[PDB]
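Presented below is the structure to which this report refers.
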Amino acid sequence: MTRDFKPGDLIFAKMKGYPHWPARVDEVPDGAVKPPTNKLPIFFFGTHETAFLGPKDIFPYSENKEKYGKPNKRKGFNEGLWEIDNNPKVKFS
Numbered sequence: 001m002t003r004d005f006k007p008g009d010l011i012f013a014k015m016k017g018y019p020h021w022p023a024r025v026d027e028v029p030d031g032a033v034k035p036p037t038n039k040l041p042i043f044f045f046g047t048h049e050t051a052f053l054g055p056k057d058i059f060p061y062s063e064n065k066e067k068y069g070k071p072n073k074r075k076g077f078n079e080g081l082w083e084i085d086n087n088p089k090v091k092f093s
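Going left to right, the sequence shown walks through residues 1 to 93 as the entry's author numbering numbers them.
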């Protein structure tokens, strides 16, 4: 949907030209980190990456977790996938 999301929410981020993957939503930048224009901060778990994608691009993990629950051809499998439903705030460690 177009509706915005909340900080630290579990949602499968879909990168242009890539399958769905369980990531974590981040908060706004300090104010001078060059924020997005029509997208939100998406912290890719397992790969420690970050991609900017709008709401219509990101879907609820509640729908993907029921599909396979884990990545098929995506690196990072079993590397933070169980934390998405347990320790979603591992980035801080």
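C-beta: ideal position from N, C-alpha, C; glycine also.
Going by DSSP, residue 49 is part of the beta strand (DSSP E) stretching over 49-53. In this structure, residue 40 keeps its C-beta atom at 9 Å or more from the C-beta atom of residue 59.
When C-beta atoms of the stretch 77-92 are compared with those of the stretch 31-39, fewer than three pairs fall below 8 Å, so the two segments do not count as touching. Within the model, the alpha-carbon separation for residue 76 versus residue 16 is close to 18 Å. Taken atom to atom, the span from the alpha-carbon of residue 18 to that of residue 8 is near 22 Å.
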